[PDB]
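One structure is given below, encoded as structure tokens.
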Amino acid sequence: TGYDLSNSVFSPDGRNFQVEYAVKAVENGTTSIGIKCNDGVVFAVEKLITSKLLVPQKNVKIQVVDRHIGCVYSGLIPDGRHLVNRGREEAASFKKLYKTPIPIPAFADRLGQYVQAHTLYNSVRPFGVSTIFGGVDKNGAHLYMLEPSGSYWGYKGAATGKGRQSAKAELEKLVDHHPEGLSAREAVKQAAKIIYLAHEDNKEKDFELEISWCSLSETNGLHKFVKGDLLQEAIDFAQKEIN
Amino acid sequence: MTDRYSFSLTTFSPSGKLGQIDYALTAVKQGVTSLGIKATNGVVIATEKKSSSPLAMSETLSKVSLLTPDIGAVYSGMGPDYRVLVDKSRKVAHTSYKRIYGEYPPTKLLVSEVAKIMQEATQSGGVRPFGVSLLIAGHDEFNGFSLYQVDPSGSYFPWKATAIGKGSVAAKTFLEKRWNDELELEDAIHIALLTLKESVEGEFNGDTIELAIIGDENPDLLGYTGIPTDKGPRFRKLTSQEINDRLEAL
Amino acid sequence: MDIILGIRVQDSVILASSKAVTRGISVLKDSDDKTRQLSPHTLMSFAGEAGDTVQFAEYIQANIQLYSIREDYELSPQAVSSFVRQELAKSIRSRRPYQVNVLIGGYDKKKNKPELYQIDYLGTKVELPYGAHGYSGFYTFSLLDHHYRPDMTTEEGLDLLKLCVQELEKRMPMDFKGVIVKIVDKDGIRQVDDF
Amino acid sequence: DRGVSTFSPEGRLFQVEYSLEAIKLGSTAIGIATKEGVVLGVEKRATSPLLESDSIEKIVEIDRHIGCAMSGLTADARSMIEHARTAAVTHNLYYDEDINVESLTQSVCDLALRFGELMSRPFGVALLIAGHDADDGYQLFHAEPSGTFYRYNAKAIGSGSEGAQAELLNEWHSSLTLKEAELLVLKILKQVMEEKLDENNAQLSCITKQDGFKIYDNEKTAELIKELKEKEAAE
Amino acid sequence: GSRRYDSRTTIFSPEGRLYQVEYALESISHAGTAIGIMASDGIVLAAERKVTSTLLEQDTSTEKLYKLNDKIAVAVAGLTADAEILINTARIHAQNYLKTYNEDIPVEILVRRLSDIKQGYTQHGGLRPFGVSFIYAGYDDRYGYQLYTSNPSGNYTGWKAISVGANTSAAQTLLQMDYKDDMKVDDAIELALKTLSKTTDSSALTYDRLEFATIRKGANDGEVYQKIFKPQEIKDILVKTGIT
Amino acid sequence: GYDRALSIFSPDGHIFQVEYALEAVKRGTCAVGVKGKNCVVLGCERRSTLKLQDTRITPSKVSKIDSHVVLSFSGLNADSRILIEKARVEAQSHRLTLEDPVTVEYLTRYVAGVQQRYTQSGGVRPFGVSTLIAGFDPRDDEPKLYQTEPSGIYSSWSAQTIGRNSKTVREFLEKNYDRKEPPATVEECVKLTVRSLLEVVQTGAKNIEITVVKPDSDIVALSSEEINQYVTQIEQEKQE
Amino acid sequence: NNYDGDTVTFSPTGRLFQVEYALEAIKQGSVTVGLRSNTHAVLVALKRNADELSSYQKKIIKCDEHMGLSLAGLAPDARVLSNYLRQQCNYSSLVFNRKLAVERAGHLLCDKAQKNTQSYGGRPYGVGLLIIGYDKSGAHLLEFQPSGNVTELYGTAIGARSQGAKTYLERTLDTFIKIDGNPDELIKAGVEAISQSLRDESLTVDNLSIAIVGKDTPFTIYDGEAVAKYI
Amino acid sequence: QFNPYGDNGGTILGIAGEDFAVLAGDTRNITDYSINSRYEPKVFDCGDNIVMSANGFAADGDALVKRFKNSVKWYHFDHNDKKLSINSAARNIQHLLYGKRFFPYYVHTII
Amino acid sequence: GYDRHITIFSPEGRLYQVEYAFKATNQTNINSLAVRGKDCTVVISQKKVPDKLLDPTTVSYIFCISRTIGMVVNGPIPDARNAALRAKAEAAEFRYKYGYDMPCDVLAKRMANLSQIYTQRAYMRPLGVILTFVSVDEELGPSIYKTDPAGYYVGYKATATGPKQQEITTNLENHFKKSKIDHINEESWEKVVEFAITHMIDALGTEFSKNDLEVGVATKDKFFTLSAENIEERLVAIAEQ
Ligand SMILES: [Mg+2]
């Protein structure tokens with residue numbers, strides 16, 4: 001034994017235990033999700049209200065990269081911010097050299113390679129976050145989810161955090177019941193419901209819902225936060241479904 | 001990141017042993033047998049092509065490698081370590097000699113350079129020693145024909161004939177009985193084939209045996225004519241057919 | 001600075017160096033000693049660009065004194081001259097070269113022989129019976145070529161040196177304010193206080 | 001082994017806490033601040049009688065208006081003093097004025113936590129920095145290897161510190177004269193020292209606005225010791 | 001991180017010894033014996049090759065005696081590969097000195113330089129020391145014939161006669177017994193071979209198990225000659241001295 | 001580069017690498033320094049375990065740093081060379097920039113500073129060496145004797161000893177050296193230095209080295225016979 | 001246990017112990033309170049002395065005319081982080097002629113602290129910070145943890161016994177948020193909040209430290225007889 | 001070839017009274033024969049009761065004033081809000097100017 | 001026992017971290033196969049999409065390294081993509097420096113050398129992947145070259161990689177023992193793909209739908225991957241005889 005004391009060490013199984021321990025920090029975090037719709041993507045996250053002293057709507061969790069990509073994550077929040085900062089550098093250099101905004105699959109690999117690099121040495125620690133991200137490019141909508149190992153795939157729907165099992169089941173129903181697809185406005189409503197349903201794993205404290213979206217028709221392919229009436233409408237739809 | 005292993009990974013133990021070098025020699029002991037014999041008019045180096053799978057094309061894996069036109073090398077131990085050492089040996093023959101003196105290095109000095117590289121992997125920070133022993137055969141104008149062994153420590157010794165790897169102890173005894181100072185190159189090849197048969201289990205033919213010589217200049221392998229002083233390489237790898245012809249007179 | 005002369009006789013080396021320091025319009029000093037003792041039996045005189053001369057001489061002095069302490073041994077005049085040459089040869093391909101010419105007068109205690117070395121700022125070294133830098137040789141060498149003998153005494157060397165200085169004082173346009181003369185022999189280095 | 005910059009479960013840096021133990025083994029140093037000046041005193045503690053005690057230099061000038069006393073691994077103090085002197089002189093060069101005592105102290109304390117895997121370990125010495133400036137008058141600071149510095153009306157460091165500090169607790173008041181402070185340092189040093197206090201194994205110094213930092217002669221201190229003996233015998 | 005795997009090669013023990021230096025000296029005690037003897041008219045270097053084979057090409061082989069320049073040679077005891085690294089550095093230093101001063105490097109200055117390199121590996125860098133002990137045989141016009149030794153600590157000392165490698169305790173006692181100050185080279189040749197013959201772990205001392213060298217002013221007039229003995233020449237001197 | 005912190009504090013506030021460096025000094029051959037009224041004498045022990053030594057060429061224990069200052073030591077011999085070289089370079093550097101040779105105190109302060117630096121720099125171990133530095137300041141006739149140790153602390157001494165069995169010879173010096181009246185002549189100072197080593201040395205043959213330093217760069221090492229005459233006279237007075 | 005030797009090692013449950021130990025240093029520190037209305041933001045800090053001869057350690061540091069913080073934990077680490085904030089505020093003013101937003105200042109502190117939690121050789125910061133400020137979006141209060149987590153709040157407290165002050169602010173939330181255009185009453189609420197964390201000792205004239213920033217109020221620190229009015 | 005310097009004209013005047021001081025300057029900014037601005041302030045309040053003007057090349061002038069204002073700010077941070085005296089400000093400005101000795105601020109400064 | 005944590009020798013002369021990297025190679029539970037035709041080189045690999053929430057078009061272990069070279073990977077996707085990016089960069093740099101397309105065997109050697117370095121240098125870990133490079137080389141013709149975490153590489157007539165490599169290997173061995181030639185004697189690549197799929201079905205004993213497989217084909221001057229509908233056409237032809 002001792003194989004789990006140092007990053008980048010293969011165990012006799014062929015496993016990197018330090019990466020597996022980073023996953024535990026992710027599983028301890030709040031629930032975040034992503035839904036791929038007809039012409040875009042929707043992101044939503046659970047924000048635990050630890051105290052009344054928290055200013056509502058101020059501690060924003062979802063982050064924009066460039067102007068067309070949204071990122072949300074569960075686990076160690078600072079680690080997620082570090083990853084998004086790198087992502088913003090990657091996107092800037094891509095656009096600098098190639099002019100066009102970075103495609104989503106291209107952006108996915110940039111984050112992937114960077115996270116994977118933090119599994120190669122014992123002088124660094126793996127990322128304690130799973131990141132759900134995506135947006136709209138020239139080939140349409142793309143949704144990705146990236147793990148501490150550096151592993152990522154494309155998704156129809158994605159979920160991570162403490163209430164991921166509940167969320168996944170809800171996402172799987174939507175895929176089955178809508179083979180033709182889901183509209184952007186429908187996806188916002190559904191995203192609100194799923195976070196509310198996933199909040200049962202974090203039922204002790206009450207929470208605040210935060211939603212964002214990129215859609216070709218609804219936001220011109222730019223990342224925007226869901227605010228005001230459209231947010232309230234989604235909260236009402238969600239509250240109606242849990243009762 | 002940064003390489004933060006700036007300290008030695010090979011150190012002296014209380015008994016005065018350098019553990020990592022001893023363990024590297026143990027890896028060499030597990031390796032497939034290779035040998036070398038020096039004749040009056042040439043040198044021969046040989047080994048078994050232990051194919052990992054019959055679907056594998058063992059001709060694409062070269063255990064016997066040309067270092068310079070007059071110098072060749074074979075190994076026992078870890079193949080990948082050997083391959084990178086061959087790359088470094090080929091380059092250092094140019095950078096530290098041919099680009100300075102306009103000619104290829106003599107065998108003993110190229111051996112000295114390879115030895116230095118292997119020594120440094122035994123003292124430098126954050127590295128392990130090379131897990132190979134090399135046999136280097138060559139010719140040069142002023143020293144004539146020569147054969148050298150290089151070990152993981154970086155130590156090297158000249159031999160009349162020797163063997164390394166799996167069945168080296170038995171092979172060296174076999175060579176002691178047969179070797180004399182009047183051997184012609186064909187006699188040395190014959191003795192090499194006889195010696196190598198003892199350590200080989202399965203098939204023993206031109207396709208499973210790799211054999212090369214340092215002998216006469218080969219003007220047919222030079223690739224050009226017109227310069228009298230340039231007469232071609234002395235290193236030549238024997239073909240599958242050439243080996244089989246000498247296995248009938250075995 | 002200006003005039004530096006050297007002559008190797010039977011048993012000693014004599015170095016003569018001008019006393020004037022001129023900064024353009026005015027003569028700022030008339031008693032300047034353009035020499036440094038490198039070791040008990042080795043003396044170096046110098047001339048060239050202002051500042052660089054003293055900086056180079058003191059740098060050499062420090063290095064030879066360091067060697068003397070480390071080994072408890074005095075380097076031969078030949079060895080010191082080779083060290084100085086290399087430093088100047090290194091300097092000539094630097095970002096800003098030392099613009100300094102030197103004479104090295106030493107008595108070799110092993111061979112019991114005086115030795116005079118002439119080195120210019122490029123690192124051009126020659127061993128000579130007599131030497132100079134700048135225009136000094138143009139006025140003095142014809143006298144030295146005539147009168148010089150290898151078996152001359154120190155007193156005869158000083159007399160031949162006086163004749164050289166007199167010719168310089170006659171035909172040179174610049175007033176170099178006389179010379180300080182120093183003798184290097186088996187007993188070490190001493191200054192002739194009346195010249 | 002373990003990192004040099006490692007936290008303990010209590011939230012303290014192991015190496016910093018261990019260096020504080022080295023300072024406890026050091027010879028005693030005492031400082032007392034008054035409205036007439038600040039006094040600095042030290043125990044020399046020679047290891048042998050053949051050691052010439054006037055070569056023991058545990059009180060040091062940083063500038064004309066700032067002095068300093070040390071306790072612990074005194075060799076470690078040399079680079080700290082060098083930095084302090086450089087900082088004091090550099091500020092005068094940049095600003096044509098004296099540097100504030102607090103600012104000088106802060107500059108020294110910035111070096112403290114510059115260790116890791118920069119220097120390989122914290123300093124094993126504590127400093128009493130005393131001085132005067134126009135803004136805050138006479139001041140005494142205690143600079144630790146943690147990077148923390150406290151201002152004090154009076155302070156003792158080294159092996160006899162907690163016994164001395166309790167004594168300083170009772171004796172200090174805001175109306176002390178310079179002469180009263182001198183005797184008080186001598187009295188408390190005499191209390192905590194192993195050997196009998198005299199002018200050769202103890203040293204006094206002060207900083208005043210008029211005369212600046214001054215290390216006392218052995219003849220001057222000898223008189224103050226005789227004055228102390230007589231006034232203690234007076235009741 | 002990486003600290004976990006660091007052996008810390010440059011630390012004191014509680015007794016104030018350098019672990020790695022001590023262990024390197026233990027390694028050297030198993031190496032073939034090398035002996036140096038200084039006489040009034042020259043120096044002898046004799047050394048034993050380690051358990052050889054009949055198929056080893058002796059006439060082109062060198063593991064013990066190395067030329068540093070025309071005036072200085074070394075006998076090696078320890079890791080041969082480590083020795084060649086230092087030997088090449090010493091050869092360069094000698095040439096650097098010759099280029100700078102236009103005089104051959106004095107023996108001690110070369111010895112001090114190599115010894116300082118060894119010292120550095122014991123104080124900084126975190127690398128293992130060189131497992132090598134040298135005997136330096138040389139001549140210069142200041143001190144004449146000189147013998148020095150250096151070991152992995154970087155400490156060096158001067159000697160009239162000295163041994164390194166295996167059985168140095170036994171060898172040094174034998175040398176201390178028969179050595180005299182007015183001794184000559186031909187006598188020193190005999191002493192060196194007799195000492196090796198008694199201290200060797202082999203059954204008998206033969207030409208194929210030896211390396212031999214002399215530094216003589218037996219060079220025509222006011223100069224010095226180095227002679228690395230050939231296999232046949234070692235065979236002859238063994239017969240002359242009556243060992244075979 | 002190798003950055004590992006080798007010298008660190010322990011829970012009891014000790015730096016073991018520095019303390020273990022002192023143990024290397026304890027193992028080294030004995031060195032002693034005594035200052036008279038107009039001189040300083042440095043005595044050194046030579047262990048007689050090594051005969052067949054060539055004494056002409058073997059590194060001597062006392063080293064000139066400049067023409068007016070000397071340095072002796074106890075501990076690792078190889079380590080001492082690095083300190084001696086640095087001290088010699090600094091001595092010439094001082095002459096070059098200040099146009100005056102180093103004071104004995106300045107040279108001591110420099111060497112002690114180097115030793116301290118090697119106790120809180122990454123990737124290095126402390127010097128296993130203590131030094132005795134003696135001489136006379138330029139244009140000064142007052143004798144100077146200083147001591148340094150691995151930690152980097154230094155101080156001035158009327159008389160001092162370092163190395164193996166230094167506890168014994170310090171005992172001797174503490175009862176035999178009077179401060180009110182130091183050895184008035186060279187003879188008296190050398191005699192007291194040889195006497196102090198005879199408490200520890202063994203045979204008074206080639207085991208004792210003596211170096212006398214007088215004002216104005218007057219430094220000389222005594223020969224075997226000269227020292228042997230002191231050894232003879234001391235024991236003939238002792239037979240009583 | 002086996003996983004607390006350095007900051008580069010996760011535990012089997014995904015915890016970072018060196019960061020948690022750094023968090024523990026804050027809990028040992030002296031109590032400090034932060035609270036705000038819509039016009040002003042206030043810091044209140046209980047200063048700690050070594051003994052009766054010593055001074056009381058300063059707790060509040062000014063970063064700009066419109067921003068500053070209070071500390072709890074390792075004071076030298078607060079000096080490093082506050083220096084960094086001073087520089088960043090300064091870069092914003094010099095390059096963009098723009099006062100640094102308090103929210104953006106929190107993001108910068110988070111990222112600086114994060115780098116010390118993912119690399120070998122370094123250590124986490126051992127201090128907690130309460131940042132107040134007034135920018136283009138009004139009054140703000142931030143809480144910084146050396147884990148990297150920065151949070152915007154109406155009110156909070158950190159240090160030893162900070163839970164008492166935090167509960168009081170949670171009750172008073174609806175009252176003190178409405179204290180607009182009255183600096184004295186907002187400070188009173190802060191002094192009353194920090195009083196819920198005192199035991200054995202009370203607020204004296206050299207014990208108490210108060211800072212305020214607002215609409216037409218530069219960041220100013222009150223110490224000594226300037227806080228006697230609030231005792 | 002690129003010329004990194006220019007001339008923006010302008011004239012400034014400082015006079016010290018017994019218990020007061022004035023620093024005056026015209027508000028015209030020019031290049032060659034053209035007027036850039038009829039009102040471009042050139043004399044600045046730098047805090048701590050100090051006024052400053054760096055006349056000549058306006059880019060260098062603005063840069064210097066900006067850096068001095070910054071130096072006043074950091075003097076307060078580093079030295080417990082101590083007032084920067086006029087003599088201390090003067091010595092500080094010398095170092096700001098001499099820092100670019102070999103690529104100078106092309107201005108004539110008065111405080 | 002720190003000789004098991006970093007790449008230094010054990011007392012038996014073994015490198016345990018290298019051996020454990022070979023074990024990580026089978027973590028995906030996917031088998032791949034490569035064969036050579038007259039004019040082409042075909043590589044097939046199992047495709048498993050266990051989650052319904054996944055976009056199946058993004059799940060792939062076959063990579064287009066250059067126009068001529070394809071690469072299939074056996075091992076975790078992060079290490080796979082690490083190797084893929086590096087191989088692409090190396091191939092592009094080669095063309096820029098030396099003026100011709102990097103050969104398949106030369107790229108294999110280069111990646112094998114990089115892998116060797118990770119087995120000798122302590123700070124770098126081995127990648128837990130086996131890399132099979134395929135092309136139709138302009139000099140050597142159809143080519144299969146495979147690299148592993150030990151830094152070993154060799155050319156192949158055909159090859160197989162994964163948990164059930166032995167079953168596939170023996171099946172291929174038996175076919176080439178019959179035919180007595182080093183390749184599939186077939187004109188079109190379509191039929192060579194059909195051969196590859198058929199012999200994988202025989203060896204594993206499992207049937208495949210269009211979504212269960214992943215196919216890469218190398219011809220002269222291009223490497224390409226087949227779509228699900230192209231694979232379906234292949235499966236139909238296999239079933240109809
Ligand atoms: Mg590795």
Side-chain angles (χ1 to χ4, degrees), chain A residues 1-9 16-29 47-61 63 74-86 88 114-115 117-119 121-130 148 162, chain G residues 1-3 5-16 18-19 34-36 102-103 106-122 124 137 139-143 145-157 166-174 176-177:
Chain A
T1 45
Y3 296 96
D4 69 330
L5 298 170
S6 182
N7 189 20
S8 86
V9 173
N16 192 350
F17 272 93
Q18 277 293 126
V19 172
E20 290 180 18
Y21 296 169
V23 172
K24 297 287 173 188
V26 177
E27 293 173 355
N28 195 239
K47 295 166 61 174
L48 295 177
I49 303 171
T50 320
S51 174
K52 269 273 171 178
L53 298 160
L54 283 152
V55 185
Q57 272 94 33
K58 276 294 173 296
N59 297 291
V60 182
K61 277 197 166 186
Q63 288 185 284
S74 300
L76 303 178
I77 302 304
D79 280 19
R81 276 195 54 83
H82 179 92
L83 183 56
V84 168
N85 287 157
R86 175 74 183 198
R88 287 163 173 172
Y114 190 66
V115 171
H118 291 73
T119 71
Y121 320 95
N122 60 195
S123 58
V124 290
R125 165 177 68 74
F127 282 89
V129 281
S130 281
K162 192 137 65 186
Chain G
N1 177 49
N2 262 115
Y3 310 87
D6 41 51
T7 336
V8 82
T9 311
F10 279 112
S11 77
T13 56
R15 298 165 70 183
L16 297 172
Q18 277 298 302
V19 174
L35 79 169
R36 74 162 187 86
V102 178
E103 198 193 308
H107 295 318
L108 291 161
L109 279 168
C110 165
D111 299 345
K112 208 214 195 307
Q114 192 281 148
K115 295 195 176 193
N116 281 238
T117 67
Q118 201 174 190
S119 297
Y120 182 53
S137 62
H140 298 279
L141 167 69
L142 262 50
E143 185 185 324
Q145 289 177 235
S147 58
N149 293 301
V150 182
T151 309
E152 178 154 12
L153 299 141
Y154 289 116
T156 187
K166 206 171 186 186
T167 311
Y168 168 94
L169 292 163
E170 209 160 350
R171 291 188 91 266
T172 322
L173 179 56
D174 297 334
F176 74 77
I177 191 62

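Quick note on labels: first sequence line is chain A, next is B, and so on, each numbered from 1.
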**Report entry** Side-chain donor/acceptor of A/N59 to backbone N/O of G/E152, under 3.5 Å
**Finding:** yes
Query raised in the report: At their closest point, which heavy atom of G/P12 faces which heavy atom of A/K24, and how far apart are they?
Result: O-CG, 3.6 Å
Query raised in the report: Could you walk me through whether G/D111 and A/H82 pass the side-chain contact (heavy atoms from CB on, under 4.5 Å) check?
Result: CA-CA 7 Å; G/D111 299 345; A/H82 179 92; over 6 Å; no
Report task. Might you point out which heavy atoms bring G/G155 and A/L53 nearest each other, and give the distance in Å? Result -> O-CB, 3.3 Å
Report task. Quick one: closest heavy-atom pair of G/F10 and A/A25, and the distance? Result -> CE2-CB, 4.2 Å
Query - G/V8 vs A/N7 side-chain heavy atoms within contact, under 4.5 Å - result: no
Report task. Return the option, out of A/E27, A/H118, A/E20, A/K58, with the maximum number of heavy-atom pairs under 4.5 Å with chain G. Result -> A/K58
Query raised in the report: Do A/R125 side-chain atoms and G/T117 backbone N/O form a donor-acceptor pair below 3.5 Å?
Result: yes
Report task. Tell me, for A/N122 versus chain G, whether the close heavy atoms (under 4.5 Å) come from the side chain, the backbone, both or neither. Result -> backbone
Query raised in the report: With chain A, which of G/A113, G/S119, G/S11 has the greatest number of heavy-atom pairs at distances under 4.5 Å?
Result: G/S11
**Report entry** For the student: nearest non-hydrogen atoms of G/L16 and A/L76, plus distance
**Finding:** CD1-CD1, 3.8 Å
Query raised in the report: If every non-hydrogen atom of G/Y154 is compared with every non-hydrogen atom of A/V55, which pair is closest and at what distance?
Result: N-CG2, 3.5 Å
Query raised in the report: Where does G/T151 contact chain A at under 4.5 Å (heavy atoms): side chain, backbone, both or neither?
Result: both
**Report entry** Contacting region of G/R171 [heavy-atom separation from chain A under 4.5 Å]
**Finding:** neither
Query raised in the report: Relative to chain A, which segment of G/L169 carries a heavy atom at a distance below 4.5 Å: side chain, backbone, both, or neither?
Result: both
